[PDB]
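Taken together, the values in this text are just the output of simple stated rules run on the coordinates, not laboratory data. For neighbour counting, all protein chains shown are included, and Cβ atoms are generated from backbone atoms with ideal geometry for every residue, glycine included.
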2 protein chains.
Amino acid sequence: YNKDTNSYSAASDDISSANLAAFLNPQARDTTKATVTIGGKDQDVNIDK
Amino acid sequence: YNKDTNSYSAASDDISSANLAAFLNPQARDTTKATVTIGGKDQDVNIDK
């Protein structure tokens, strides 16, 4: 969890494939913004559940 | 939903035989204070999932 300066960080391997939905949306209908790139080419996306 | 003064109320018949856990605990470990009585015996209980 590499507690460095503030709220705890973390580092993990492939464990959350389908777990992004609940983690990124703590409530029943939260929505999260993210930036997705395929390499040198950024795109801005919105992710919900 | 009988909107009276504030955040909407409601009133429903026997529908939530097992649905109490999700409703009172939206998160993964929420706990709710509660009161239970059999009639003349007020008892204080905690409900979690």
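What the table below lists for this structure:
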read-out	value
Estimated dipole of chain A in Debye, rounded to 20 [Cβ of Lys and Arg +1, of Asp and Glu -1, Cα centre]	140
Burial ordering of B:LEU20, A:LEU24, fewest other beta-carbon atoms within 10 Å first	B:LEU20, A:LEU24
Whichever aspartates and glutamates have a C-alpha closer than 14 Å to that of B:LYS49, once near sequence neighbours (fewer than 8 apart) are set aside	B:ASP30
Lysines whose Cα lies under 26 Å from that of A:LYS3, excluding same-chain neighbours fewer than 8 positions away	A:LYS33
Residues B:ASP30 and A:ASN2, FRET efficiency given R0 of 25 Å [Cβ-Cβ distance, rounded to 0.05]	0.35
Chain A, helix-only ellipticity at 222 nm - DSSP H runs n ≥ 4, -39,500 (n - 2.57), divided by all residues, nearest 500	-2000 deg cm²/dmol
Chain A residue with Cβ closest to the axis mapping A onto B, distance in whole Å	A:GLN27, 4
Long-range amide H partners of B:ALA34 with built H, under 5 Å	B:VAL45, B:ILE47
